[PDB]
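So this first bit is one chain, no partners, the form deposited in one PDB entry, shown in structure tokens.
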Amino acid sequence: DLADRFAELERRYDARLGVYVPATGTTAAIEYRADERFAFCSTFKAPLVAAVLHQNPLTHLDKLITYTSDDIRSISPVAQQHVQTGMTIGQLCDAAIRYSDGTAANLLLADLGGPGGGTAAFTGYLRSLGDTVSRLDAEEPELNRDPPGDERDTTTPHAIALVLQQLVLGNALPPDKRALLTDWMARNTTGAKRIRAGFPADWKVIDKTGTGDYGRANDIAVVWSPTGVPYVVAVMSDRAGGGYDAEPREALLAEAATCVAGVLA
């Protein structure tokens, strides 16, 4: 039984674990704490980019965005460099997904616009996809810091997996926008030790990671079998037992994915 295996992992890492894989043709949904809330962390950045793509003509990608020193207030491996030149929307999407740049994310939030620096429009984008559970309330760095249990800035394995399914595999976006999102996620640089480590090499994996305080570590993926059958995999965890400075534990997500890969194979 999968639930027995997920529970052992929780004991091993002193963690809380959530897992969701929607049903397909022939496979039942895999669910474990799938409706408990977990911090989004950097994982909102995948549907944030979709929201931005959806809202604008493709050539909006070429629009140059300028920003300064006081706009850098979280891990931002790409944006820290180009504060002189500015960055285009396309570059910002690229960094937000592949590098989980937080400044890219804040700037895309502002591009989307409206109250909460764009956090209301982000959340309404999710509503339009039938997700009535997720909420974004703060931008970077504040969104990774809410105490354990607190509903702000949370989604559920169940909710984000249905979002991601619509985004990459359904018709939420037109195909040309769909392919852009899909390809940034394919080229992600931060997930090697997460869902990716759980599936064999001949499976395609695309993903968006997240990491936060209280030992938070997440990964949302779409994976394709060697014969091209897709599944959506959402893994979320935290370790409230360590307190604010608990270490996230990637190996936890890689072990849970392997458990899921052995079922799906």
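Residues carry their position along the shown sequence, with the first being 1.
Taking only CA atoms, the mean B-factor in the PDB entry is higher for 24 to 32 than for the other of 24 to 32 and 230 to 238. Looking at mean Cα B-factors across 67 to 75 and 151 to 159, the upper value is held by 67 to 75. Comparing C-alpha B-factors across 51, 201, 217, 223 in the deposited entry, the largest value falls on 201. If you compare the C-alpha temperature factors of 106, 134, 144, 165 in the entry, 144 comes out highest. Ranked against the other modelled residues of its chain, the C-alpha B-factor of residue 39 as given in the entry falls in the lowest third. Ranked against the other modelled residues of its chain, the C-alpha B-factor of residue 86 as given in the entry falls in the highest third. Placement of the Cα temperature factor of residue 93 within the chain: lowest third of the modelled residues, per the deposited record.
In this PDB entry, residue 129 carries a Cα temperature factor that places it within the middle third of its chain's modelled residues. Sorting the modelled residues of the chain by their CA temperature factor places residue 17 in the lowest third.
Just so you know, the form solved in complex with a small molecule exists too; it's not on screen, but the next bit is about it.
Proximity of residue 246 to the small molecule in the deposited complex: non-hydrogen atoms within 4.5 Å are present.
None of the heavy atoms of residue 119 is located within 4.5 Å of the small molecule in the deposited complex.
Although the partner is absent here, residue 147 is not a contact residue: none of its heavy atoms lies within 4.5 angstroms of the small molecule in the deposited complex. Using a 4.5 angstroms threshold between heavy atoms, residue 250 counts as touching the small molecule in the deposited complex. Only one of 37, 54, 239, 196 comes within 4.5 Å of the small molecule in the deposited complex through a heavy atom, and that residue is 239. Of the stretches 61 to 69, 28 to 36, 227 to 235, 46 to 54, only 227 to 235 has residues with a heavy atom within 4.5 Å of the small molecule in the deposited complex.
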